[PDB]
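*Asks:* To be precise about what I am sending: the file is called input.tsv and holds TSV, N, CA and C atoms.
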chain	number	residue	atom	x	y	z
A	43	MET	N	131.95	-27.98	-8.90
A	43	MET	CA	130.82	-27.01	-8.87
A	43	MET	C	129.98	-27.18	-10.13
A	44	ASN	N	128.75	-26.70	-10.09
A	44	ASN	CA	127.95	-26.57	-11.29
A	44	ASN	C	128.49	-25.41	-12.11
A	45	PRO	N	128.35	-25.47	-13.43
A	45	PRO	CA	128.60	-24.32	-14.27
A	45	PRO	C	127.47	-23.33	-14.11
A	46	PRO	N	127.63	-22.09	-14.55
A	46	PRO	CA	126.47	-21.23	-14.72
A	46	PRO	C	125.49	-21.85	-15.70
A	47	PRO	N	124.20	-21.53	-15.57
A	47	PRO	CA	123.24	-22.11	-16.51
A	47	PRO	C	123.46	-21.56	-17.90
A	48	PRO	N	122.88	-22.18	-18.92
A	48	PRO	CA	122.99	-21.62	-20.27
A	48	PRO	C	122.34	-20.22	-20.34
A	49	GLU	N	122.86	-19.36	-21.19
A	49	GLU	CA	122.29	-18.06	-21.43
A	49	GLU	C	120.87	-18.20	-21.96
A	50	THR	N	120.00	-17.28	-21.56
A	50	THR	CA	118.61	-17.31	-21.98
A	50	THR	C	118.11	-16.02	-22.60
A	51	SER	N	118.89	-14.93	-22.55
A	51	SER	CA	118.47	-13.65	-23.14
A	51	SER	C	119.70	-12.97	-23.63
A	52	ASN	N	119.62	-12.37	-24.80
A	52	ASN	CA	120.71	-11.59	-25.32
A	52	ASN	C	120.07	-10.45	-26.11
A	53	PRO	N	120.09	-9.23	-25.58
A	53	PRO	CA	119.43	-8.10	-26.26
A	53	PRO	C	120.04	-7.71	-27.59
A	54	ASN	N	121.23	-8.19	-27.90
A	54	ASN	CA	121.84	-7.90	-29.18
A	54	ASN	C	121.45	-8.86	-30.28
A	55	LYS	N	120.81	-9.98	-29.93
A	55	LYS	CA	120.37	-10.88	-30.99
A	55	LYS	C	119.15	-10.26	-31.69
A	56	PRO	N	119.02	-10.44	-33.01
A	56	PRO	CA	117.82	-10.04	-33.70
A	56	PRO	C	116.63	-10.92	-33.25
A	57	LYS	N	115.43	-10.41	-33.39
A	57	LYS	CA	114.24	-11.05	-32.89
A	57	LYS	C	113.24	-11.24	-34.03
A	58	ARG	N	112.59	-12.39	-34.08
A	58	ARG	CA	111.45	-12.61	-34.97
A	58	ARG	C	110.43	-13.49	-34.28
A	59	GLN	N	109.19	-13.22	-34.61
A	59	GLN	CA	108.08	-14.08	-34.29
A	59	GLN	C	107.79	-14.94	-35.49
A	60	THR	N	107.62	-16.23	-35.30
A	60	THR	CA	107.22	-17.11	-36.38
A	60	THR	C	106.21	-18.12	-35.85
A	61	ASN	N	105.41	-18.65	-36.76
A	61	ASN	CA	104.44	-19.68	-36.35
A	61	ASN	C	105.19	-20.87	-35.70
A	62	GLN	N	106.31	-21.28	-36.29
A	62	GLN	CA	107.10	-22.38	-35.71
A	62	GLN	C	107.53	-22.10	-34.27
A	63	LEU	N	108.06	-20.91	-34.01
A	63	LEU	CA	108.48	-20.58	-32.67
A	63	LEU	C	107.31	-20.48	-31.70
A	64	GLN	N	106.18	-19.92	-32.14
A	64	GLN	CA	105.01	-19.87	-31.30
A	64	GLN	C	104.53	-21.27	-30.94
A	65	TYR	N	104.48	-22.15	-31.93
A	65	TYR	CA	104.07	-23.52	-31.69
A	65	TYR	C	105.02	-24.22	-30.71
A	66	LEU	N	106.31	-23.98	-30.88
A	66	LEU	CA	107.29	-24.61	-29.98
A	66	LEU	C	107.02	-24.21	-28.53
A	67	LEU	N	106.63	-22.98	-28.25
A	67	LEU	CA	106.32	-22.55	-26.88
A	67	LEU	C	104.93	-23.01	-26.45
A	68	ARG	N	103.92	-22.71	-27.26
A	68	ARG	CA	102.54	-22.84	-26.80
A	68	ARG	C	102.05	-24.26	-26.86
A	69	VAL	N	102.63	-25.09	-27.73
A	69	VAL	CA	102.21	-26.49	-27.87
A	69	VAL	C	103.31	-27.41	-27.35
A	70	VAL	N	104.52	-27.35	-27.88
A	70	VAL	CA	105.53	-28.37	-27.54
A	70	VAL	C	106.01	-28.21	-26.10
A	71	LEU	N	106.57	-27.06	-25.78
A	71	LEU	CA	107.07	-26.82	-24.41
A	71	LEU	C	105.96	-26.96	-23.41
A	72	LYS	N	104.83	-26.30	-23.66
A	72	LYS	CA	103.72	-26.34	-22.68
A	72	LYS	C	103.26	-27.77	-22.41
A	73	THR	N	103.13	-28.58	-23.45
A	73	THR	CA	102.65	-29.96	-23.27
A	73	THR	C	103.66	-30.76	-22.43
A	74	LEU	N	104.95	-30.64	-22.72
A	74	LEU	CA	105.95	-31.40	-21.95
A	74	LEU	C	106.03	-30.87	-20.52
A	75	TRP	N	105.95	-29.56	-20.36
A	75	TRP	CA	106.09	-28.93	-19.04
A	75	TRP	C	105.06	-29.43	-18.04
A	76	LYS	N	103.84	-29.67	-18.52
A	76	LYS	CA	102.72	-30.04	-17.64
A	76	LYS	C	102.66	-31.53	-17.37
A	77	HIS	N	103.48	-32.30	-18.07
A	77	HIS	CA	103.46	-33.76	-17.94
A	77	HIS	C	103.95	-34.20	-16.53
A	78	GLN	N	103.37	-35.31	-16.05
A	78	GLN	CA	103.73	-35.80	-14.73
A	78	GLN	C	105.17	-36.23	-14.56
A	79	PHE	N	105.88	-36.43	-15.68
A	79	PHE	CA	107.31	-36.77	-15.63
A	79	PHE	C	108.22	-35.57	-15.89
A	80	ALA	N	107.67	-34.36	-15.96
A	80	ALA	CA	108.47	-33.21	-16.36
A	80	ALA	C	109.41	-32.70	-15.28
A	81	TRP	N	109.07	-32.82	-14.00
A	81	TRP	CA	109.79	-32.04	-12.98
A	81	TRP	C	111.28	-32.20	-12.95
A	82	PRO	N	111.85	-33.41	-13.20
A	82	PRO	CA	113.32	-33.50	-13.16
A	82	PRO	C	114.03	-32.74	-14.28
A	83	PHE	N	113.26	-32.28	-15.27
A	83	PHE	CA	113.76	-31.62	-16.48
A	83	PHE	C	113.38	-30.15	-16.53
A	84	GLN	N	112.83	-29.60	-15.46
A	84	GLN	CA	112.34	-28.21	-15.48
A	84	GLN	C	113.37	-27.18	-15.08
A	85	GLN	N	114.57	-27.64	-14.73
A	85	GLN	CA	115.65	-26.74	-14.30
A	85	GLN	C	116.97	-27.45	-14.59
A	86	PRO	N	118.10	-26.74	-14.57
A	86	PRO	CA	119.37	-27.39	-14.74
A	86	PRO	C	119.60	-28.49	-13.74
A	87	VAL	N	120.30	-29.54	-14.13
A	87	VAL	CA	120.72	-30.59	-13.21
A	87	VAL	C	121.71	-29.96	-12.22
A	88	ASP	N	121.42	-30.11	-10.95
A	88	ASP	CA	122.27	-29.56	-9.89
A	88	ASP	C	123.11	-30.72	-9.35
A	89	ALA	N	124.29	-30.90	-9.91
A	89	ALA	CA	125.12	-32.06	-9.59
A	89	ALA	C	125.64	-31.96	-8.16
A	90	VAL	N	125.66	-30.76	-7.56
A	90	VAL	CA	126.11	-30.59	-6.17
A	90	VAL	C	125.01	-31.09	-5.26
A	91	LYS	N	123.79	-30.63	-5.46
A	91	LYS	CA	122.68	-31.06	-4.62
A	91	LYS	C	122.40	-32.55	-4.77
A	92	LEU	N	122.56	-33.05	-5.97
A	92	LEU	CA	122.20	-34.42	-6.30
A	92	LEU	C	123.37	-35.41	-6.14
A	93	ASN	N	124.51	-34.89	-5.70
A	93	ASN	CA	125.71	-35.69	-5.50
A	93	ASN	C	126.08	-36.53	-6.72
A	94	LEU	N	126.29	-35.84	-7.83
A	94	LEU	CA	126.74	-36.43	-9.08
A	94	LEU	C	128.08	-35.79	-9.45
A	95	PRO	N	129.17	-36.16	-8.76
A	95	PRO	CA	130.43	-35.48	-9.04
A	95	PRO	C	131.05	-35.61	-10.44
A	96	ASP	N	130.62	-36.61	-11.22
A	96	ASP	CA	131.14	-36.90	-12.54
A	96	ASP	C	130.25	-36.32	-13.68
A	97	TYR	N	129.18	-35.64	-13.32
A	97	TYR	CA	128.17	-35.24	-14.31
A	97	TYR	C	128.75	-34.41	-15.48
A	98	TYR	N	129.60	-33.43	-15.17
A	98	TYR	CA	130.19	-32.55	-16.19
A	98	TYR	C	131.45	-33.11	-16.89
A	99	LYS	N	131.96	-34.27	-16.47
A	99	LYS	CA	132.96	-34.99	-17.23
A	99	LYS	C	132.48	-35.52	-18.53
A	100	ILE	N	131.16	-35.83	-18.61
A	100	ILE	CA	130.54	-36.29	-19.86
A	100	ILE	C	129.53	-35.28	-20.38
A	101	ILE	N	128.82	-34.52	-19.47
A	101	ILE	CA	127.80	-33.53	-19.94
A	101	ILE	C	128.47	-32.17	-20.12
A	102	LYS	N	128.96	-31.97	-21.32
A	102	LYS	CA	129.60	-30.70	-21.70
A	102	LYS	C	128.65	-29.72	-22.34
A	103	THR	N	127.41	-30.12	-22.65
A	103	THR	CA	126.38	-29.24	-23.19
A	103	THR	C	125.10	-29.41	-22.38
A	104	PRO	N	125.09	-28.93	-21.13
A	104	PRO	CA	123.88	-29.05	-20.32
A	104	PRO	C	122.68	-28.35	-20.93
A	105	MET	N	121.50	-28.93	-20.73
A	105	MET	CA	120.27	-28.28	-21.21
A	105	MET	C	119.12	-28.79	-20.40
A	106	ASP	N	118.06	-27.99	-20.28
A	106	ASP	CA	116.86	-28.35	-19.53
A	106	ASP	C	115.70	-27.52	-20.05
A	107	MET	N	114.48	-27.90	-19.68
A	107	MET	CA	113.30	-27.20	-20.19
A	107	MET	C	113.10	-25.83	-19.62
A	108	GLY	N	113.59	-25.57	-18.42
A	108	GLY	CA	113.51	-24.20	-17.90
A	108	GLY	C	114.27	-23.22	-18.77
A	109	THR	N	115.46	-23.63	-19.19
A	109	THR	CA	116.28	-22.85	-20.08
A	109	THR	C	115.57	-22.68	-21.43
A	110	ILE	N	115.01	-23.76	-21.99
A	110	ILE	CA	114.34	-23.68	-23.29
A	110	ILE	C	113.14	-22.73	-23.20
A	111	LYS	N	112.35	-22.85	-22.13
A	111	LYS	CA	111.20	-21.97	-21.95
A	111	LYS	C	111.63	-20.49	-21.96
A	112	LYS	N	112.65	-20.17	-21.17
A	112	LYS	CA	113.15	-18.80	-21.09
A	112	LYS	C	113.69	-18.36	-22.43
A	113	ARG	N	114.42	-19.21	-23.15
A	113	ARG	CA	114.91	-18.84	-24.47
A	113	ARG	C	113.77	-18.47	-25.41
A	114	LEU	N	112.72	-19.27	-25.42
A	114	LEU	CA	111.54	-18.97	-26.25
A	114	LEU	C	110.92	-17.66	-25.84
A	115	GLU	N	110.75	-17.47	-24.54
A	115	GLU	CA	110.10	-16.26	-24.04
A	115	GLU	C	110.90	-14.99	-24.32
A	116	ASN	N	112.22	-15.10	-24.41
A	116	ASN	CA	113.10	-13.96	-24.64
A	116	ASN	C	113.59	-13.84	-26.09
A	117	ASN	N	112.96	-14.60	-27.00
A	117	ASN	CA	113.33	-14.51	-28.44
A	117	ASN	C	114.78	-14.80	-28.68
A	118	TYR	N	115.34	-15.73	-27.91
A	118	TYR	CA	116.73	-16.11	-28.06
A	118	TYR	C	116.95	-16.91	-29.34
A	119	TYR	N	115.98	-17.70	-29.74
A	119	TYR	CA	116.08	-18.55	-30.92
A	119	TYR	C	115.57	-17.78	-32.14
A	120	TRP	N	116.29	-17.94	-33.23
A	120	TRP	CA	115.91	-17.42	-34.54
A	120	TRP	C	115.31	-18.54	-35.39
A	121	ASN	N	116.04	-19.64	-35.53
A	121	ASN	CA	115.60	-20.82	-36.27
A	121	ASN	C	114.93	-21.81	-35.32
A	122	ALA	N	113.81	-22.37	-35.76
A	122	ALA	CA	113.15	-23.43	-35.00
A	122	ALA	C	114.09	-24.55	-34.63
A	123	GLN	N	115.00	-24.90	-35.53
A	123	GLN	CA	115.90	-25.98	-35.26
A	123	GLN	C	116.77	-25.75	-34.06
A	124	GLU	N	117.08	-24.49	-33.72
A	124	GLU	CA	117.86	-24.22	-32.50
A	124	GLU	C	117.17	-24.73	-31.25
A	125	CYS	N	115.86	-24.56	-31.22
A	125	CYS	CA	115.06	-25.03	-30.08
A	125	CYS	C	114.91	-26.55	-30.07
A	126	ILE	N	114.62	-27.13	-31.24
A	126	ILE	CA	114.53	-28.57	-31.37
A	126	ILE	C	115.86	-29.21	-30.94
A	127	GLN	N	116.97	-28.61	-31.35
A	127	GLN	CA	118.29	-29.13	-30.97
A	127	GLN	C	118.43	-29.14	-29.44
A	128	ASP	N	117.98	-28.08	-28.78
A	128	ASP	CA	118.05	-28.02	-27.31
A	128	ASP	C	117.21	-29.11	-26.64
A	129	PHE	N	115.98	-29.34	-27.11
A	129	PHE	CA	115.25	-30.47	-26.58
A	129	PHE	C	115.99	-31.76	-26.77
A	130	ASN	N	116.50	-31.99	-27.97
A	130	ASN	CA	117.22	-33.24	-28.23
A	130	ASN	C	118.45	-33.40	-27.34
A	131	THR	N	119.18	-32.32	-27.13
A	131	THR	CA	120.35	-32.33	-26.24
A	131	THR	C	119.95	-32.72	-24.83
A	132	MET	N	118.84	-32.18	-24.34
A	132	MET	CA	118.37	-32.54	-23.01
A	132	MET	C	118.17	-34.07	-22.92
A	133	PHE	N	117.50	-34.65	-23.90
A	133	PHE	CA	117.28	-36.09	-23.89
A	133	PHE	C	118.58	-36.88	-23.97
A	134	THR	N	119.42	-36.53	-24.92
A	134	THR	CA	120.61	-37.30	-25.13
A	134	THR	C	121.62	-37.15	-23.97
A	135	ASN	N	121.62	-36.03	-23.29
A	135	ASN	CA	122.42	-35.88	-22.07
A	135	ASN	C	121.98	-36.94	-21.08
A	136	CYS	N	120.67	-37.06	-20.91
A	136	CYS	CA	120.15	-38.02	-19.93
A	136	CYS	C	120.58	-39.43	-20.25
A	137	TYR	N	120.57	-39.81	-21.53
A	137	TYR	CA	120.90	-41.17	-21.92
A	137	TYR	C	122.38	-41.51	-21.88
A	138	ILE	N	123.27	-40.51	-21.91
A	138	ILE	CA	124.71	-40.78	-21.78
A	138	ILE	C	125.17	-40.80	-20.36
A	139	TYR	N	124.49	-40.07	-19.48
A	139	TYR	CA	124.91	-40.02	-18.08
A	139	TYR	C	124.30	-41.15	-17.26
A	140	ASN	N	123.00	-41.38	-17.41
A	140	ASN	CA	122.26	-42.26	-16.53
A	140	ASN	C	122.16	-43.68	-17.11
A	141	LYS	N	122.28	-44.67	-16.23
A	141	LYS	CA	122.22	-46.04	-16.63
A	141	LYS	C	120.91	-46.33	-17.38
A	142	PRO	N	120.94	-47.12	-18.47
A	142	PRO	CA	119.71	-47.52	-19.12
A	142	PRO	C	118.76	-48.16	-18.13
A	143	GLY	N	117.50	-47.80	-18.24
A	143	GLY	CA	116.51	-48.39	-17.32
A	143	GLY	C	116.32	-47.65	-16.00
A	144	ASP	N	117.20	-46.72	-15.64
A	144	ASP	CA	116.99	-45.89	-14.49
A	144	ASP	C	115.69	-45.10	-14.69
A	145	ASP	N	115.07	-44.73	-13.58
A	145	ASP	CA	113.80	-44.02	-13.67
A	145	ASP	C	113.89	-42.72	-14.49
A	146	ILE	N	114.95	-41.95	-14.32
A	146	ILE	CA	115.08	-40.70	-15.05
A	146	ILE	C	115.11	-40.97	-16.56
A	147	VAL	N	115.73	-42.08	-16.96
A	147	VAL	CA	115.80	-42.45	-18.37
A	147	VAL	C	114.45	-42.85	-18.91
A	148	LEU	N	113.68	-43.62	-18.13
A	148	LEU	CA	112.33	-44.00	-18.59
A	148	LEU	C	111.43	-42.79	-18.67
A	149	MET	N	111.58	-41.84	-17.75
A	149	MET	CA	110.86	-40.58	-17.81
A	149	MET	C	111.23	-39.78	-19.05
A	150	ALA	N	112.52	-39.63	-19.32
A	150	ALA	CA	112.98	-38.94	-20.53
A	150	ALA	C	112.47	-39.61	-21.78
A	151	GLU	N	112.46	-40.95	-21.83
A	151	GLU	CA	111.96	-41.66	-23.03
A	151	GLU	C	110.47	-41.35	-23.24
A	152	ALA	N	109.69	-41.29	-22.18
A	152	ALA	CA	108.27	-40.96	-22.34
A	152	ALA	C	108.10	-39.54	-22.79
A	153	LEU	N	108.88	-38.61	-22.28
A	153	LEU	CA	108.83	-37.24	-22.71
A	153	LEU	C	109.27	-37.09	-24.15
A	154	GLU	N	110.29	-37.82	-24.55
A	154	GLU	CA	110.77	-37.74	-25.93
A	154	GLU	C	109.72	-38.27	-26.89
A	155	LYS	N	109.03	-39.35	-26.54
A	155	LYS	CA	107.94	-39.85	-27.39
A	155	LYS	C	106.88	-38.76	-27.56
A	156	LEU	N	106.51	-38.11	-26.49
A	156	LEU	CA	105.52	-37.05	-26.56
A	156	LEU	C	106.04	-35.86	-27.41
A	157	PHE	N	107.31	-35.47	-27.20
A	157	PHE	CA	107.96	-34.43	-28.00
A	157	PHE	C	107.84	-34.78	-29.47
A	158	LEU	N	108.15	-36.02	-29.85
A	158	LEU	CA	108.09	-36.35	-31.28
A	158	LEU	C	106.68	-36.30	-31.81
A	159	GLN	N	105.69	-36.68	-31.00
A	159	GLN	CA	104.29	-36.57	-31.45
A	159	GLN	C	103.93	-35.12	-31.67
A	160	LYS	N	104.39	-34.20	-30.83
A	160	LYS	CA	104.05	-32.77	-31.03
A	160	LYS	C	104.84	-32.12	-32.13
A	161	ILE	N	106.09	-32.47	-32.25
A	161	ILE	CA	106.95	-31.91	-33.30
A	161	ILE	C	106.48	-32.36	-34.70
A	162	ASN	N	105.80	-33.50	-34.78
A	162	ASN	CA	105.26	-34.00	-36.03
A	162	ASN	C	104.37	-32.94	-36.70
A	163	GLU	N	103.66	-32.17	-35.89
A	163	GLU	CA	102.75	-31.18	-36.43
A	163	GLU	C	103.31	-29.74	-36.38
A	164	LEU	N	104.62	-29.59	-36.24
A	164	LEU	CA	105.25	-28.27	-36.36
A	164	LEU	C	104.85	-27.56	-37.69
A	165	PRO	N	104.51	-26.27	-37.64
A	165	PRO	CA	104.27	-25.51	-38.88
A	165	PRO	C	105.45	-25.55	-39.82
A	166	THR	N	105.18	-25.39	-41.13
A	166	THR	CA	106.26	-25.33	-42.11
A	166	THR	C	107.12	-24.07	-41.95
A	167	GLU	N	108.35	-24.19	-42.43
A	167	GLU	CA	109.30	-23.09	-42.41
A	167	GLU	C	108.91	-21.99	-43.41
B	310	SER	N	126.53	-42.30	-8.49
B	310	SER	CA	126.58	-42.41	-9.98
B	310	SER	C	125.23	-42.34	-10.66
B	311	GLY	N	124.13	-42.38	-9.92
B	311	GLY	CA	122.82	-42.08	-10.48
B	311	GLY	C	121.95	-41.26	-9.57
B	312	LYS	N	120.79	-40.92	-10.12
B	312	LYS	CA	119.85	-40.03	-9.45
B	312	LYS	C	118.83	-40.75	-8.58
B	313	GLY	N	118.77	-42.08	-8.68
B	313	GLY	CA	117.85	-42.86	-7.85
B	313	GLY	C	116.47	-42.94	-8.44
B	314	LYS	N	115.59	-43.61	-7.72
B	314	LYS	CA	114.21	-43.78	-8.12
B	314	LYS	C	113.50	-42.45	-8.01
B	315	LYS	N	112.51	-42.26	-8.87
B	315	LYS	CA	111.80	-40.99	-8.98
B	315	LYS	C	110.33	-41.16	-8.74
B	316	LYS	N	109.74	-40.17	-8.08
B	316	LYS	CA	108.29	-40.06	-7.97
B	316	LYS	C	107.76	-39.22	-9.11
B	317	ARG	N	106.58	-39.53	-9.60
B	317	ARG	CA	105.94	-38.66	-10.56
B	317	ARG	C	105.37	-37.41	-9.90
B	318	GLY	N	105.15	-36.38	-10.71
B	318	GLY	CA	104.41	-35.20	-10.28
B	318	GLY	C	102.91	-35.41	-10.38
B	319	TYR	N	102.18	-34.36	-10.04
B	319	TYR	CA	100.75	-34.36	-10.23
B	319	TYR	C	100.38	-34.34	-11.71
Take the structure in the file and write it out as structure tokens.

*Replies:*
Amino acid sequence: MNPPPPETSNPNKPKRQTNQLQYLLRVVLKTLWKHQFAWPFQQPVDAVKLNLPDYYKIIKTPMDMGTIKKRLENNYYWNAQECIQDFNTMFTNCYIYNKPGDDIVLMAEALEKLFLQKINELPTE
Amino acid sequence: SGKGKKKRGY
């Protein structure tokens, strides 16, 4: 079976607005979300629907952009690095599960290049 | 063992 998706809201966590967090939602997430290669990354990988029975043998930290978007929207992240870590986990999950050169991998590589171009201009801490 | 070939979105 699939695991439950990652948590996206916790009312007991403290909340802050920061320029870094705003940029991560309004520039980084938004830019990747609208990209023509985004759709396979907009929700959790459904290993049941996609017939990937071994997916969770190696992917012990699932992540996707739908989860990241919701986390940003619900003030789940305190430090910008928490969000950056989640993007990076999404990419690196893809590269450990899927054969090099598979279409999903080439899509993730293009998205990661774009992510790094946007993260380059992240506001200071 | 993989997800197959992919189509792009709009």

*Asks:* Figure out the distance between atom C of residue 315 of chain B and atom CA of residue 102 of chain A, please, to one decimal in Å.

*Replies:*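 Pair atom CA of residue 102 of chain A / atom C of residue 315 of chain B returns 25.5 Å.
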
*Asks:* Go through A:110, A:146, A:70, A:156 one by one, measure the shortest atom-to-atom distance of each to chain B using all atoms listed in the file, and give the residue with the smallest value.

*Replies:*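 Of the candidates, the smallest distance to chain B is held by A:146.
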
*Asks:* Kindly assemble as JSON lines a list of the chain B residues that lie within 6 Å of chain A, each paired with its nearest atom pair and their distance in Å to one decimal, using only N, CA and C atoms, sorted first by chain and then by ascending residue number.

*Replies:*
{"residue": "B:310", "atom": "N", "partner": "A:94", "partner_atom": "CA", "distance": 5.9}
{"residue": "B:313", "atom": "C", "partner": "A:145", "partner_atom": "N", "distance": 5.6}
{"residue": "B:314", "atom": "CA", "partner": "A:145", "partner_atom": "CA", "distance": 5.6}
{"residue": "B:315", "atom": "N", "partner": "A:145", "partner_atom": "CA", "distance": 5.3}
{"residue": "B:317", "atom": "CA", "partner": "A:78", "partner_atom": "C", "distance": 4.7}
{"residue": "B:318", "atom": "N", "partner": "A:78", "partner_atom": "C", "distance": 3.9}
{"residue": "B:319", "atom": "C", "partner": "A:78", "partner_atom": "CA", "distance": 4.7}

*Asks:* May I ask for the distance between atom C of residue 167 of chain A and atom N of residue 63 of chain A, given in Å to one decimal place?

*Replies:*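 One can read the atom C of residue 167 of chain A to atom N of residue 63 of chain A distance as 9.5 Å.
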
*Asks:* Box for chain B - axis-aligned, 5 Å on each of the six sides, all listed atoms - centre and size in Å to one decimal, as JSON.

*Replies:*
{"center_x": 113.5, "center_y": -39.1, "center_z": -9.7, "size_x": 36.2, "size_y": 19.4, "size_z": 14.0}

*Asks:* Name the residues of segment 43-157 of chain A that fall into alpha helix (DSSP H) according to DSSP on the backbone, using the chain letters and numbers of this document, as number ranges by chain.

*Replies:* A: 61-65, 72-76, 97-100, 107-115, 122-139, 145-157

*Asks:* Please list as a ChimeraX atom specification every residue within 7 Å of residue 111 of chain A, counting all atoms listed in the file and excluding residues in the same chain fewer than 4 positions away.

*Replies:* /A:67,71,106-107,115-116

*Asks:* Enter the distance from atom CA of residue 108 of chain A to atom CA of residue 86 of chain A, in Å, rounded to one decimal.

*Replies:* 7.4 Å

*Asks:* For each of A:118, A:162, A:142, A:155, take the minimum atom-to-atom distance to residue 49 of chain A, counting only N, CA and C atoms, then give the residue where this is smallest.

*Replies:* A:118

*Asks:* I'd like to know which of A:127, A:44, A:61, A:50 is closest to residue 109 of chain A, using only C-alpha atoms.

*Replies:*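 The closest residue to residue 109 of chain A is A:50.
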